[PDB]
Structures are given as structure tokens and as C-alpha cells.
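Novice: A structural model of the following input is requested.
(one chain, ligands or ions: 2)
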Amino acid sequence: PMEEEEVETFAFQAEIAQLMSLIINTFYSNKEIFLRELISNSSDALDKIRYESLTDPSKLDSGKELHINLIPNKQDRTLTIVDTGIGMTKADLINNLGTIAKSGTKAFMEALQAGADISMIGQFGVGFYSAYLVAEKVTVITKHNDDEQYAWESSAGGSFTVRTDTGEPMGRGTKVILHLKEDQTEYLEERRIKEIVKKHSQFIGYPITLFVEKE
Ligand SMILES: Nc1ncnc2c1ncn2[C@@H]1O[C@H](COP(=O)(O)CP(=O)(O)O)[C@@H](O)[C@H]1O
Ligand SMILES: [Mg+2]
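Specialist: Numbering: from 1, shown residues only. Ligands and ions are numbered 1, 2, ... in the order given. See the structure here:
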């Protein structure tokens, strides 16, 4: 039969929309730091499940290995960062990735306007949005122990969507899929990926694996 799926469309908080617009439409050198921000979010999420699981071991039933995978796909021009962290509930997606004001947003846009390096984004509580330095669209698939699997997605322009994900089940964690802009395909090259992890993500406390599809 025909599947029915529910979708919800949300407006970004005004300054978050403003920051997304600034990141998308301004030229920045040093855009490679997007990967650092996404790995450091996976790292934080893995911290979370590791500690929760000291309190209750059954939080690892959904999978015991705590790691980060990087999956560039030169065919569909996506770079996917997968972690087996804590994941996000539905409400976690809606609140943390776009509806709720971040206290640092305004200070970051002034910094940037004054000529700060886009690298500073990590200090302002808004590093997720560095994904739009390189991606025209971002899909986040996520599964938390307390909820079903969901898909968040935005091509920016002021809105994002959240829907139950009926794609491939993940046991627990988060998958960020960057649909890369046509001039940012260097981020699918295994040497560039390696270079930037070594530079910026060198002291992350969980194993990182790079998966390269056979040329
Ligand atoms: N891989 C992931 N796993 C779980 N939650 C994530 C995540 N990536 C982002 N988030 C959620 O998104 C929030 C915002 O991420 P940011 O990097 O924009 C700012 P910060 O919270 O890391 O200082 C995180 O605090 C987290 O709640
Ligand atoms: Mg972060």
C-alpha cells in the first residue's frame, strides 16, 4: 500500500536565520573547520552516553561501541559524519537545532562582521551551522534511547523539517549528511579529510574511522 508519513516544518529563530544567511552568502577562508565542529559535537554526544551508561548499563543495549565514522561519497557528493552518541529526541532536534535563541549568536555575527576567522564559531555556541560553509543541504538522522528515529533537514532559507525516519534503522546516535556545494568537493577526498582531522580533531577521545569507497 501507499505509506503515509508525518512532516513538520519549523521557522529558524530570527538570529539563527541571520547567521545561516551570513555563513552561506559570505566568502570565508578556512572553511575546513566545519569538520572539527561536527566531530566535536559527536565527541560531546559520546561523552553523554558514556556517562549516562555508568548510571544505567541498559543504555548501551542499543550498542556498546562508542565511535565516529566519516563517509565521503563522491557519487552523490555527500560527506556523512556518523556517531554512536546519545542521539536526539524529536524535541531535542526542534529545540536545539533551530527554534531556541542561542545567547552567543549576536556576538558571533558582530565578531564576523569585524573580520574574525570563521574558526571562532566554536566559542559562540553555534558551531553546528558551520556545516553550511560547505553544504547546500544538511540532513540529520538521529536516534535517542527515549524516542524513535527522526530526520531533520534544511536547505536554509529560514525553515527546516522534522519527520519520523523510516530509512535504515540506526541503533543509537546521530548521522549528519552534508550535501556538498559544487565548489566544495575537496572534502570528499580521503587525503583532505585526513589532513583536516589531523590538524583540528587530533585529541578526540573516541576512535574515528574513514570509509573510502574503492576507486
Ligand atoms: N552529533 C550530535 N549528537 C547529539 N546532539 C547533537 C549532535 N550535533 C549537535 N547536537 C545538538 O546540537 C546542539 C548545538 O550544537 P552546536 O555545535 O551548534 C553548539 P554546542 O552545544 O556544541 O556548544 C548541541 O549542544 C547538541 O545538543
Ligand atoms: Mg558544538
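
Novice: wait, does the lengthiest helix in the chain contact ligand 2?
Specialist: Of all the elements of type helix in the chain, the one with the most residues (DSSP state H) is helix 33-55. Yes - Helix 33-55 comes into contact with ligand 2 when judged by C-beta under 5 Å from the ion, the residues involved being residue 41. For the C-beta atoms, the positions are set from N, CA and C on the backbone; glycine is no exception.

Novice: mind listing what the residue nearest in space to the middle of the chain touches?
Specialist: In the chain, the C-alpha closest to the average C-alpha coordinate belongs to residue 176, at a distance of 4.5 Å (C-alpha atoms, centre = their mean). If a contact means C-beta atoms under 8 Å, 6 or more residues apart in numbering, then residue 176 has 38, 80, 81, 82, 131, 138, 139, 140 as its contacts.

Novice: what's the longest helix of the chain in contact with?
Specialist: The set of residues external to helix 33-55 that reach it, using C-beta under 8 Å, 6+ apart, is 59-60, 66-68, 81, 83-87, 118-119, 121-122, 127-128, 130-131, 133-135, 172-174, 176, 178, 187, 193, 196-197, 200-201, 204-206, 208.

Novice: show me what the helix or strand following it is packed up against.
Specialist: The C-terminal neighbour of helix 33-55 among helices and strands, as given by DSSP states H and E, is strand 68-73. For strand 68-73, the contact count by 3 or more C-beta pairs under 8 Å, 6 or more residues apart in numbering; DSSP states H and E identifies helix 33-55, strand 78-83, helix 190-200, strand 208-210 as packing neighbours.
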